[PDB]
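What follows is one structure encoded as structure tokens, with my remarks underneath.
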Amino acid sequence: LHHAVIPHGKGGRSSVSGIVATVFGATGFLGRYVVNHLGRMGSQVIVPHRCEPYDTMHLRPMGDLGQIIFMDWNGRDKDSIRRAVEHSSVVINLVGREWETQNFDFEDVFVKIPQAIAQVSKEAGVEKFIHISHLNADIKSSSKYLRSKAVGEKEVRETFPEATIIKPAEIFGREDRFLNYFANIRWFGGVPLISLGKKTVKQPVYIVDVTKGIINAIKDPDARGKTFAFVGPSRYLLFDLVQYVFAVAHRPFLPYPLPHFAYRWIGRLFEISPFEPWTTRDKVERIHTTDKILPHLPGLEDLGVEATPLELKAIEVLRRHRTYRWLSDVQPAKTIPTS
Amino acid sequence: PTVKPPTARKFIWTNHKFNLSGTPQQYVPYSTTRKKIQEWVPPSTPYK
Amino acid sequence: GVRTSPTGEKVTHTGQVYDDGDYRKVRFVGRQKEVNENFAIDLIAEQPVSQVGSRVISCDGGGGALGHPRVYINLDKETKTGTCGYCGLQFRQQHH
Amino acid sequence: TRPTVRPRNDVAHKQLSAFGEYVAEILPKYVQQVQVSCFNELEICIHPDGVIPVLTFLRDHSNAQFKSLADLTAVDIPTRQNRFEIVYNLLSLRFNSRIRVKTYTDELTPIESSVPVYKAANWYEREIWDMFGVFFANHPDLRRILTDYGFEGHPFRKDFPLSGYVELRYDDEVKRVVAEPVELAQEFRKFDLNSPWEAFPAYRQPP
Amino acid sequence: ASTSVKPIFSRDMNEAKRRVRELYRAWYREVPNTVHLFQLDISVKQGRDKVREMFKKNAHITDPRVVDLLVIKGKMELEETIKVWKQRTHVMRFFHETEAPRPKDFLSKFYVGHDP
Amino acid sequence: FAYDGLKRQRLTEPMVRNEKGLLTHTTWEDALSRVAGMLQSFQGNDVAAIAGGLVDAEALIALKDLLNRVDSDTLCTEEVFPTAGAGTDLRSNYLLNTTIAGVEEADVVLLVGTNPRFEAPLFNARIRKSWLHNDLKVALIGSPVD
Amino acid sequence: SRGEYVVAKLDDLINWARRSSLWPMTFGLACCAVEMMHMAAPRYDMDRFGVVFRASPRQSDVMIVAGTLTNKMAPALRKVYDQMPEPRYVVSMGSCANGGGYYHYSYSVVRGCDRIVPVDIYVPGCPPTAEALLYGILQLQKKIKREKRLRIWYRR
Amino acid sequence: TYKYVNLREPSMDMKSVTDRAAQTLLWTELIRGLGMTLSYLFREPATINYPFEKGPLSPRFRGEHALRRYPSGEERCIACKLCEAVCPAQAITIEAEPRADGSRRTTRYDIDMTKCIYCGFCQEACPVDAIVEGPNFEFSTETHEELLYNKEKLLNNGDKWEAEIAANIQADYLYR
Ligand SMILES: CCCCCCCCCCCCCCCCCC(=O)OC[C@H](COP(=O)([O-])OCC[N+](C)(C)C)OC(=O)CCCCCCCCCCCCCCCCC
Ligand SMILES: NC(=O)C1=CN([C@@H]2O[C@H](COP(=O)(O)OP(=O)(O)OC[C@H]3O[C@@H](n4cnc5c(N)ncnc54)[C@H](OP(=O)(O)O)[C@@H]3O)[C@@H](O)[C@H]2O)C=CC1
Ligand code: SF4
Ligand code: SF4
Ligand code: SF4
Ligand SMILES: [Zn+2]
């Protein structure tokens, strides 16, 4: 056969793991960690990128010589997609954008592009296909981000029936826009929370846990044609989680409620920025959307991954936001008991 | 070279190429040797 | 000489070429495969056999000290040509 | 005289032999063997207890005045019970001569520090501990000098692998340089160069 | 005659064990300072667990000279940490946070490769 | 000069039969699990084993122990040796008791149905050394080979 | 106009500014630093290309890793790289920094500074001549001249 | 024979004491140091106009590697592996086998230009002048992989620099 590369070595940087992975959207938050884990074990990683080559430099030290290969690709060009997957054995799709641009909207990035990748991958004979969706993907959702997530999730499952679909909650980490989002609001005095952040329940997950789930899903034959839900171990109220972030960051906490219609108005204001908007209408909808419970979907325990509590890994994320070095502790946040 | 031109030979490049690093014509390393151990190919017919 | 396998990839003078389903071909996407188009096995075959009139001849590759160590080539056999072990030049005896 | 052979200095060979006996008589309690090589170098082999006495005698005596410690190092010979061999190279400026003093130790036996005699031995003994693991007793400040902090092992020992056991790398997940077991994209090729024919019959060993 | 060997610091295991406990106390008192000074993300409990694991690795030794060297090396290791000669990377090399768990059982080692 | 056969026709992956009756590559988990299932179902005489001409002692004992734990004793070899009588109970019954180096001490050698020049080339060479130096008398019962 | 024209010219302006004012922070680690000092010497006078002799890390644009990078020094080289404001480039000078060089198989040597930091240009030699290093710097200017930061932003 | 560098007794007559007082107060010897830098401002600088001007080199210069041929086009290398044995950095990797015509030729010839210390021992060891270090020193790359040369790259360098490599060998082989 022309596959089964027969891994060699001891699992290190100069070893061979037999994984030839095309990671789409590898230059972002989640992709930064996926390439690192693939290159740590000695995988051949193809990285199609749309940005400047200068913005992929942080990926080069993640693999041995010749193990990370960079290509140009365009979301709407099938030929470029073909060139980057015709030799791979697994295709990972991490394309996404928390806002809409003048050229790409949520329909483009969460439906058309994932469907194009899935269709081309099927034609090229790619055995495995990992696609990332959201835990709160729903067609009856106020957020157009989460509506397009549901539409695209369904369209991948038909184009590529054997694809593995991962549905994570809000992922927290050093480069995340979830805990870092509830720390830069200090620039605007108090912390506006719809309903004072009492009607929303969040179950955030750790970036490394989500990364080890994807990697274990590649080597696990039972993940083909299976849908997962990566969630953290604890559930929190948006108020008691945002309070914890400020407590860890040692910043003053001045919450105050704001009606839903007014919170969207200010979100409408920040959307004028021709650069990365600080917040948007869709962002406000997702920050306050309660995280769905899907007991009928396998979690991180079925992939051999133990979820990391937000308490352990909050300090590393929020250290940079503190203003003193060697200040001198904070109490764990209140958690909603199960059942 | 005008006064003392170099010796001509058939294998010398007639066209000189400048440094090609960073371009599609860049050099890419690879192993120049063939596969060392051949693997058995099963029969293409049943047995029972 | 230079020939291309049934996938568009040139074959080196050592006979190296990636199979149709080898992932290692991805290194040449957007780039090129370096192959020397001056196969030496073919070029040395273009050299005419030298007709010499003695049983034993010496070859130093031409250039004296700029060549290769001086070897002596026996020419008794009349069924083949005495070839130089270093440079490949062939020699024959004058019909006896 | 042969243009290609190093000329022999027999006058200096006789002087160094005479002084070797001189030292062998004045310090019988420690001197174990004295010898002079064909290129006129004098070696005094001593019991390790005689480091401070012998070195102080050579530094202070009026017919020695070996007031400079040119070098202090160790050799690892695993086939000996006392694998390590401590070598002191001393220079006399009064008599324009050099003497070598050799002792021995093993992994667990310490050797008295010679910092009191020659203050130059401070760093030279930190390097012997760092690279060979010999411990020097009463050293004012003994600790690794050349190797990385927390480095495990003694690189210059004969059984320590050339490439070590760990290699460093930057990992973007933990945002720091990490240490991992060594893997080489190309292994160090080992060459067996020794010829199977004897070269120097003068140094042949009895069977 | 044969077993007569010059000691380093201790003349018997009782004297050696005294130095081991003194070193253990010095390390135990130091972990909170190391965690705060180096801004490590581990907890004091994790750090003190690591110290205990290191000491328990060498609990089968019955040679006073071998124990003295272990204590001598341990004292040097403590000095590099207290005086901040080490950096945050050197302290975090006792935890191996980036090495994937190597298999321990026969079947797991049988699949990956040939190493026993 | 036979080592180059260690580079051709090698088995490099586990293989099992598919739905069409052909052999396809698989993992060590799938192949061993498919073998353990059948081994557990059968027992006693239903499990047998044959050892080839290059098998090592470690593999021979391990296979025998595995087949013993299903109460099987049909551990066979390809090379016949008569079991009638003492059989393979006394080592002296199936060994070269004189040893290879003992031919140099022999003064008469009787070869029965064997061409040692090809079966044991380095044992035949030892016979010639005695034939050449010790004036050894050699007799053969069998086909007249050189 | 077309919009793409304004962005194309603005890229040239900022590309020209960045390659004409390359301020390097030199990590003189071993012999290769000497050949780096001969590029600052009168014959080649790197200062005449806009490349200042030396700059502090907080105002440096490119890091020249000139010499063997040992394990002991590796943490300190990453710390200086992390504190360089962006855009930041790294030039690996000499065999030791390129891939380990003469000391590739040593227990105390980082087999290439690209294990610790990204590298934009590799200058080969042991040491590279002062002119071969100046060719690398000039080859880094052309790399910066090909950047399309704004053209890519305009098409996001 | 020795000499003293700083063994002098300054004169203590009023003439000399007033000279040193004038130097201390009127900064005479500091202004003398300004005259030495003023002179340089009015000299021609030693800078050359690189890349339009290049620094002088000799025929012995050791630069980028190249594999050479005989005038007929046959490769000079006969896979003797002397360069691989002498290479102090172990930067040469060679594999060989009889060629289709029976000649002794290489199938792999790689120089890791990042292990190489550009020492020239390979061209000293070579008995047929196959492996040489050419005069090119301007082959810096944008990636670490472009500096792992294989036989095709080295034969391309030879066919690219033969006109200049042959001339340099002609000007130095009598010293070898
Ligand atoms: C009858 C009329 C009476 C009127 C009054 C008559 C006044 C007589 C003259 C007065 C004495 C002269 C005083 C001169 C100033 C004293 C300086 C001094 O203190 O020296 C001692 C000091 C110290 O000298 P020292 O290091 O040797 O120490 C002296 C004291 N001991 C030894 C005890 C420690 O020297 C310096 O000032 C160092 C000078 C460093 C400057 C380097 C740059 C010099 C470059 C030349 C610049 C030229 C400037 C021109 C500017 C023009 C602008 C328009
Ligand atoms: N981060 C979180 O909290 C959650 C993540 N997810 C999903 O995981 C995936 C990764 O998201 P994340 O990394 O965290 O966020 P990022 O925005 O940081 O990653 C976005 C990546 O996708 C690329 N991208 C966006 N649009 C395009 C486009 N038109 N064409 C090509 N590439 C494009 C980007 O390339 P470039 O930067 O070069 O423009 C970038 O590499 C997304 O699909 C996200 O919806 C789901 C649940 C929670
Ligand atoms: S590459 Fe050569 S010159 Fe540069 S540091 Fe290493 S040995 Fe020295
Ligand atoms: S120049 Fe020296 S180090 Fe480089 S390949 Fe030749 S022998 Fe090896
Ligand atoms: S390049 Fe020269 S020394 Fe090296 S293998 Fe070829 S002929 Fe021998
Ligand atoms: Zn010849």
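Each chain in the structure tokens gets a letter, A, B and so on, in the order shown; residues start at 1 in every chain, and ligands are counted from 1 in the order they appear.
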Which chain E residues are at most 9 Å from chain D (counting only C-alpha atoms), as a list in words? residues 5, 6, 7, 8, 65, 66, 69, 73, 76, 77, 80, 85, 86, 87, 88, 89, 90, 91, 92, 93, 96, 97, 98 and 99 of chain E
Atoms to include: N, CA, C and O atoms. Write the selected residues as an mmCIF file, in the first residue's frame.
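Output file result32.cif is given in full below:
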data_model
loop_
_atom_site.group_PDB
_atom_site.id
_atom_site.type_symbol
_atom_site.label_atom_id
_atom_site.label_comp_id
_atom_site.auth_asym_id
_atom_site.auth_seq_id
_atom_site.Cartn_x
_atom_site.Cartn_y
_atom_site.Cartn_z
ATOM 1 N N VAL E 5 38.566 2.664 53.797
ATOM 2 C CA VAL E 5 38.401 3.698 52.784
ATOM 3 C C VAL E 5 38.261 5.046 53.473
ATOM 4 O O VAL E 5 37.545 5.172 54.472
ATOM 5 N N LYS E 6 38.941 6.050 52.940
ATOM 6 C CA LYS E 6 38.867 7.386 53.512
ATOM 7 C C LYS E 6 37.469 7.961 53.311
ATOM 8 O O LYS E 6 36.933 7.891 52.199
ATOM 9 N N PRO E 7 36.846 8.530 54.340
ATOM 10 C CA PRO E 7 35.503 9.087 54.188
ATOM 11 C C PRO E 7 35.531 10.517 53.659
ATOM 12 O O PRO E 7 36.575 11.168 53.594
ATOM 13 N N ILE E 8 34.347 10.999 53.288
ATOM 14 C CA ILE E 8 34.193 12.378 52.843
ATOM 15 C C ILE E 8 33.829 13.241 54.043
ATOM 16 O O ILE E 8 34.640 14.050 54.506
ATOM 17 N N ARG E 65 29.735 7.047 51.965
ATOM 18 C CA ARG E 65 30.412 7.893 50.989
ATOM 19 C C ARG E 65 29.487 8.247 49.832
ATOM 20 O O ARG E 65 29.483 9.389 49.361
ATOM 21 N N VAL E 66 28.691 7.286 49.364
ATOM 22 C CA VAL E 66 27.737 7.574 48.298
ATOM 23 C C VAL E 66 26.689 8.565 48.782
ATOM 24 O O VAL E 66 26.220 9.418 48.020
ATOM 25 N N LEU E 69 28.140 12.193 48.863
ATOM 26 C CA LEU E 69 28.148 12.803 47.538
ATOM 27 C C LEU E 69 26.751 13.236 47.118
ATOM 28 O O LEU E 69 26.577 14.310 46.531
ATOM 29 N N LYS E 73 26.027 17.039 46.274
ATOM 30 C CA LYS E 73 25.378 17.497 45.051
ATOM 31 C C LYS E 73 24.065 18.204 45.355
ATOM 32 O O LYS E 73 23.735 19.210 44.718
ATOM 33 N N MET E 76 24.700 21.764 46.465
ATOM 34 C CA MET E 76 25.000 22.600 45.306
ATOM 35 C C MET E 76 23.733 22.937 44.533
ATOM 36 O O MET E 76 23.551 24.077 44.094
ATOM 37 N N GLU E 77 22.848 21.956 44.352
ATOM 38 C CA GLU E 77 21.606 22.205 43.632
ATOM 39 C C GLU E 77 20.750 23.232 44.360
ATOM 40 O O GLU E 77 20.124 24.090 43.729
ATOM 41 N N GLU E 80 22.269 26.815 43.798
ATOM 42 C CA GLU E 80 21.934 27.395 42.502
ATOM 43 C C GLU E 80 20.511 27.931 42.480
ATOM 44 O O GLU E 80 20.217 28.879 41.745
ATOM 45 N N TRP E 85 20.924 31.488 40.441
ATOM 46 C CA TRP E 85 21.782 31.155 39.312
ATOM 47 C C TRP E 85 21.000 30.384 38.260
ATOM 48 O O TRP E 85 21.186 30.594 37.058
ATOM 49 N N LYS E 86 20.117 29.493 38.698
ATOM 50 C CA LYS E 86 19.170 28.857 37.802
ATOM 51 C C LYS E 86 18.139 29.867 37.312
ATOM 52 O O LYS E 86 17.925 30.923 37.912
ATOM 53 N N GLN E 87 17.502 29.530 36.203
ATOM 54 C CA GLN E 87 16.419 30.307 35.629
ATOM 55 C C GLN E 87 15.136 29.489 35.697
ATOM 56 O O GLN E 87 15.135 28.331 36.116
ATOM 57 N N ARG E 88 14.024 30.105 35.293
ATOM 58 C CA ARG E 88 12.744 29.411 35.385
ATOM 59 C C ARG E 88 12.753 28.115 34.587
ATOM 60 O O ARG E 88 12.013 27.182 34.915
ATOM 61 N N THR E 89 13.580 28.032 33.544
ATOM 62 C CA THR E 89 13.640 26.809 32.750
ATOM 63 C C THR E 89 14.352 25.691 33.501
ATOM 64 O O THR E 89 13.956 24.526 33.402
ATOM 65 N N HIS E 90 15.399 26.021 34.260
ATOM 66 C CA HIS E 90 16.159 24.986 34.954
ATOM 67 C C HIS E 90 15.351 24.369 36.086
ATOM 68 O O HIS E 90 15.422 23.158 36.314
ATOM 69 N N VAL E 91 14.592 25.185 36.816
ATOM 70 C CA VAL E 91 13.776 24.655 37.902
ATOM 71 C C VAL E 91 12.694 23.738 37.353
ATOM 72 O O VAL E 91 12.412 22.679 37.924
ATOM 73 N N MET E 92 12.078 24.118 36.240
ATOM 74 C CA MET E 92 10.999 23.342 35.649
ATOM 75 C C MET E 92 11.491 22.144 34.848
ATOM 76 O O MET E 92 10.703 21.570 34.093
ATOM 77 N N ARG E 93 12.757 21.756 34.984
ATOM 78 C CA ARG E 93 13.258 20.551 34.339
ATOM 79 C C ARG E 93 13.128 19.315 35.213
ATOM 80 O O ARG E 93 13.425 18.213 34.746
ATOM 81 N N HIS E 96 9.295 17.710 33.731
ATOM 82 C CA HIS E 96 9.128 17.100 32.412
ATOM 83 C C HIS E 96 7.732 17.366 31.856
ATOM 84 O O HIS E 96 6.998 16.449 31.488
ATOM 85 N N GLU E 97 7.368 18.647 31.787
ATOM 86 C CA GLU E 97 6.021 19.025 31.384
ATOM 87 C C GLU E 97 5.757 18.826 29.898
ATOM 88 O O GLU E 97 4.602 18.950 29.478
ATOM 89 N N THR E 98 6.778 18.529 29.097
ATOM 90 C CA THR E 98 6.616 18.422 27.654
ATOM 91 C C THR E 98 6.846 17.026 27.101
ATOM 92 O O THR E 98 6.596 16.810 25.911
ATOM 93 N N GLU E 99 7.311 16.079 27.908
ATOM 94 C CA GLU E 99 7.529 14.716 27.445
ATOM 95 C C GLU E 99 6.233 13.931 27.594
ATOM 96 O O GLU E 99 5.704 13.802 28.703
#
Determine, counting only C-alpha atoms, which protein, DNA and RNA residues have an atom within 8 Å of an atom of residue 132 (chain H); residues of the same chain fewer than 6 positions away are not included. Present the result as a PDB file with N, CA, C and O atoms, in the first residue's frame.
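Saved result, result-v3.pdb, follows:
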ATOM      1  N   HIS H  65      31.275  24.555  -1.930  1.00  0.00           N
ATOM      2  CA  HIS H  65      31.776  23.299  -2.459  1.00  0.00           C
ATOM      3  C   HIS H  65      31.247  23.037  -3.862  1.00  0.00           C
ATOM      4  O   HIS H  65      30.244  23.605  -4.297  1.00  0.00           O
ATOM      5  N   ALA H  66      31.940  22.152  -4.572  1.00  0.00           N
ATOM      6  CA  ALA H  66      31.536  21.763  -5.914  1.00  0.00           C
ATOM      7  C   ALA H  66      32.210  20.450  -6.275  1.00  0.00           C
ATOM      8  O   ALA H  66      33.356  20.211  -5.894  1.00  0.00           O
ATOM      9  N   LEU H  67      31.492  19.614  -7.016  1.00  0.00           N
ATOM     10  CA  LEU H  67      32.023  18.370  -7.559  1.00  0.00           C
ATOM     11  C   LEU H  67      32.360  18.582  -9.027  1.00  0.00           C
ATOM     12  O   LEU H  67      31.533  19.092  -9.788  1.00  0.00           O
ATOM     13  N   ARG H  68      33.558  18.177  -9.425  1.00  0.00           N
ATOM     14  CA  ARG H  68      34.083  18.468 -10.750  1.00  0.00           C
ATOM     15  C   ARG H  68      33.993  17.250 -11.664  1.00  0.00           C
ATOM     16  O   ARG H  68      33.705  16.133 -11.237  1.00  0.00           O
ATOM     17  N   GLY H 120      38.861  22.682   4.083  1.00  0.00           N
ATOM     18  CA  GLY H 120      39.628  22.283   2.929  1.00  0.00           C
ATOM     19  C   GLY H 120      40.258  20.915   3.009  1.00  0.00           C
ATOM     20  O   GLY H 120      40.915  20.502   2.050  1.00  0.00           O
ATOM     21  N   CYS H 122      38.915  18.113   2.753  1.00  0.00           N
ATOM     22  CA  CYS H 122      38.321  17.208   1.778  1.00  0.00           C
ATOM     23  C   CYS H 122      39.004  17.321   0.424  1.00  0.00           C
ATOM     24  O   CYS H 122      39.164  16.317  -0.276  1.00  0.00           O
ATOM     25  N   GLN H 123      39.402  18.530   0.026  1.00  0.00           N
ATOM     26  CA  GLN H 123      40.073  18.678  -1.258  1.00  0.00           C
ATOM     27  C   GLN H 123      41.545  18.304  -1.174  1.00  0.00           C
ATOM     28  O   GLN H 123      42.142  17.941  -2.191  1.00  0.00           O
TER      29      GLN H 123
END
Please write out the residues within 6 Å of ligand 6 as a PDB file with C-alpha atoms, in the first residue's frame, counting only C-alpha atoms and all ligand atoms.
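Result went into pocket.pdb, see below:
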ATOM      1  CA  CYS C  59      46.188   6.738 -18.296  1.00  0.00           C
ATOM      2  CA  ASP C  60      46.409   9.744 -15.979  1.00  0.00           C
ATOM      3  CA  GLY C  61      43.148  11.345 -17.103  1.00  0.00           C
ATOM      4  CA  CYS C  84      40.375   3.170 -17.124  1.00  0.00           C
ATOM      5  CA  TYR C  86      39.280   6.242 -12.714  1.00  0.00           C
ATOM      6  CA  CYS C  87      38.067   8.242 -15.724  1.00  0.00           C
ATOM      7  CA  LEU C  89      38.407   6.327 -21.179  1.00  0.00           C
TER       8      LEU C  89
END
Quick one: which residues from chain A are at most 9 Å off chain D, using only C-alpha atoms, as a PyMOL selection string? chain A and resi 9-10+12-15+32-33+36-37+40+58-59+61-62+64-65+208
Residues of region 3-127 of chain H in helix (DSSP H, G or I) according to DSSP, as a ChimeraX atom specification? /H:14-26,28-41,82-86,121-125
Generate a file of the selected residues that holds N, CA, C and O atoms, formatted as a short mmCIF file (atom, residue, chain, number, x, y, z; two decimals), in the first residue's frame.
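What landed in result-v9.cif:
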data_model
loop_
_atom_site.label_atom_id
_atom_site.label_comp_id
_atom_site.auth_asym_id
_atom_site.auth_seq_id
_atom_site.Cartn_x
_atom_site.Cartn_y
_atom_site.Cartn_z
N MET H 14 61.56 74.37 37.63
CA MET H 14 60.38 75.22 37.43
C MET H 14 59.94 75.25 35.98
O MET H 14 58.75 75.40 35.69
N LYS H 15 60.88 75.12 35.04
CA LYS H 15 60.51 75.07 33.63
C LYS H 15 59.61 73.88 33.35
O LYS H 15 58.59 74.01 32.65
N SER H 16 59.95 72.71 33.89
CA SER H 16 59.17 71.50 33.63
C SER H 16 57.88 71.48 34.43
O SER H 16 56.85 70.99 33.95
N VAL H 17 57.90 71.99 35.67
CA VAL H 17 56.69 72.01 36.47
C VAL H 17 55.66 72.94 35.87
O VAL H 17 54.46 72.69 35.93
N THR H 18 56.11 74.05 35.28
CA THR H 18 55.18 74.97 34.64
C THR H 18 54.66 74.42 33.32
O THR H 18 53.53 74.73 32.92
N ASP H 19 55.46 73.60 32.63
CA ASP H 19 54.96 72.94 31.43
C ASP H 19 53.81 71.99 31.77
O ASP H 19 52.79 71.97 31.08
N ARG H 20 53.98 71.20 32.83
CA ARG H 20 52.91 70.29 33.23
C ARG H 20 51.71 71.05 33.77
O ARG H 20 50.57 70.62 33.58
N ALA H 21 51.93 72.18 34.44
CA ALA H 21 50.82 73.02 34.87
C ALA H 21 50.07 73.59 33.67
O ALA H 21 48.83 73.66 33.68
N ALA H 22 50.80 74.01 32.64
CA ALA H 22 50.14 74.49 31.43
C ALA H 22 49.33 73.39 30.77
O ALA H 22 48.22 73.63 30.28
N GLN H 23 49.87 72.17 30.75
CA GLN H 23 49.12 71.05 30.19
C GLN H 23 47.87 70.75 31.01
O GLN H 23 46.81 70.46 30.45
N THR H 24 47.98 70.81 32.33
CA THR H 24 46.82 70.54 33.18
C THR H 24 45.75 71.61 33.01
O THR H 24 44.56 71.30 32.99
N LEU H 25 46.16 72.87 32.88
CA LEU H 25 45.20 73.97 32.85
C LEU H 25 44.74 74.31 31.44
O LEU H 25 43.57 74.66 31.24
N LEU H 26 45.62 74.21 30.45
CA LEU H 26 45.29 74.58 29.08
C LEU H 26 44.93 73.39 28.20
O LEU H 26 44.72 73.57 27.00
N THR H 28 46.50 70.97 26.84
CA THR H 28 47.32 70.95 25.63
C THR H 28 47.35 69.57 24.99
O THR H 28 47.21 69.45 23.77
N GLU H 29 47.54 68.52 25.79
CA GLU H 29 47.67 67.19 25.21
C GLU H 29 46.33 66.59 24.80
O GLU H 29 46.31 65.63 24.03
N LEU H 30 45.22 67.13 25.31
CA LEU H 30 43.91 66.71 24.81
C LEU H 30 43.64 67.30 23.44
O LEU H 30 43.12 66.61 22.55
N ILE H 31 44.01 68.56 23.23
CA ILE H 31 43.84 69.19 21.93
C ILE H 31 44.75 68.53 20.90
O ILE H 31 44.43 68.49 19.71
N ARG H 32 45.90 68.00 21.34
CA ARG H 32 46.75 67.24 20.44
C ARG H 32 46.06 65.98 19.96
O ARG H 32 46.32 65.51 18.84
N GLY H 33 45.20 65.39 20.79
CA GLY H 33 44.41 64.25 20.35
C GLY H 33 43.29 64.61 19.40
O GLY H 33 42.84 63.75 18.65
N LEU H 34 42.84 65.87 19.43
CA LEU H 34 41.86 66.31 18.45
C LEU H 34 42.49 66.50 17.08
O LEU H 34 41.81 66.37 16.06
N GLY H 35 43.78 66.82 17.04
CA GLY H 35 44.46 66.97 15.77
C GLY H 35 44.71 65.67 15.05
O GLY H 35 44.87 65.67 13.82
N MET H 36 44.73 64.55 15.77
CA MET H 36 44.91 63.26 15.13
C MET H 36 43.63 62.78 14.46
O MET H 36 43.70 62.08 13.44
N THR H 37 42.46 63.12 15.01
CA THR H 37 41.21 62.76 14.36
C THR H 37 40.82 63.76 13.28
O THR H 37 40.12 63.39 12.34
N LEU H 38 41.25 65.01 13.41
CA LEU H 38 41.03 65.97 12.34
C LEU H 38 41.75 65.55 11.07
O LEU H 38 41.24 65.74 9.96
N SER H 39 42.95 64.98 11.20
CA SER H 39 43.69 64.55 10.03
C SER H 39 42.96 63.43 9.30
O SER H 39 42.93 63.40 8.07
N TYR H 40 42.37 62.49 10.04
CA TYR H 40 41.66 61.39 9.41
C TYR H 40 40.44 61.89 8.64
O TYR H 40 40.11 61.34 7.58
N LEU H 41 39.77 62.92 9.15
CA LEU H 41 38.62 63.47 8.44
C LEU H 41 39.00 63.90 7.03
O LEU H 41 38.14 63.94 6.15
N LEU H 82 37.57 9.07 1.03
CA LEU H 82 38.65 9.69 1.79
C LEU H 82 38.20 11.01 2.38
O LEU H 82 38.53 11.33 3.53
N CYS H 83 37.45 11.80 1.61
CA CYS H 83 36.93 13.06 2.13
C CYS H 83 35.99 12.83 3.30
O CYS H 83 35.91 13.67 4.20
N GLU H 84 35.27 11.71 3.30
CA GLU H 84 34.36 11.42 4.40
C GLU H 84 35.12 10.99 5.65
O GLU H 84 34.65 11.25 6.77
N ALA H 85 36.27 10.35 5.49
CA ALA H 85 37.07 9.94 6.64
C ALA H 85 37.79 11.12 7.27
O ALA H 85 37.89 11.21 8.50
N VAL H 86 38.30 12.04 6.45
CA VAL H 86 39.10 13.14 6.98
C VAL H 86 38.24 14.29 7.49
O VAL H 86 38.73 15.09 8.29
N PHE H 121 40.07 20.19 4.11
CA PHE H 121 40.70 18.88 4.23
C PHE H 121 40.15 17.90 3.20
O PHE H 121 40.84 16.96 2.81
N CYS H 122 38.91 18.11 2.75
CA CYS H 122 38.32 17.21 1.78
C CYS H 122 39.00 17.32 0.42
O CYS H 122 39.16 16.32 -0.28
N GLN H 123 39.40 18.53 0.03
CA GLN H 123 40.07 18.68 -1.26
C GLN H 123 41.54 18.30 -1.17
O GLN H 123 42.14 17.94 -2.19
N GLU H 124 42.14 18.39 0.01
CA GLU H 124 43.48 17.85 0.20
C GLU H 124 43.46 16.33 0.12
O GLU H 124 44.35 15.72 -0.48
N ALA H 125 42.46 15.70 0.73
CA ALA H 125 42.40 14.25 0.78
C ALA H 125 42.06 13.65 -0.58
O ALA H 125 42.54 12.56 -0.90
#
Counting only C-alpha atoms and all ligand atoms, the residue of H:93, H:141, H:168, H:150 that sits nearest ligand 5: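 Checking each candidate against ligand 5, we get H:93 as the closest.
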Surroundings of ligand 5 up to 7 Å, based on only C-alpha atoms and all ligand atoms, as an MDAnalysis selection string: chainID H and resid 76:84 122 125:131
Put those residues in a file: C-alpha atoms, as a CSV table (one decimal), in the first residue's frame.
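Here's the written file selection07.csv:
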chain,number,residue,atom,x,y,z
H,76,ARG,CA,35.9,12.8,-11.2
H,77,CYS,CA,34.7,11.2,-8.0
H,78,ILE,CA,35.2,7.5,-7.7
H,79,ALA,CA,33.5,7.1,-4.3
H,80,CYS,CA,36.7,6.4,-2.4
H,81,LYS,CA,35.4,8.1,0.8
H,82,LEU,CA,38.6,9.7,1.8
H,83,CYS,CA,36.9,13.1,2.1
H,84,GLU,CA,34.4,11.4,4.4
H,122,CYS,CA,38.3,17.2,1.8
H,125,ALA,CA,42.4,14.2,0.8
H,126,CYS,CA,40.8,13.8,-2.6
H,127,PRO,CA,43.2,11.9,-5.0
H,128,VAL,CA,41.4,13.0,-8.2
H,129,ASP,CA,40.5,16.6,-7.5
H,130,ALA,CA,36.8,15.8,-7.5
H,131,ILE,CA,35.7,17.6,-4.4
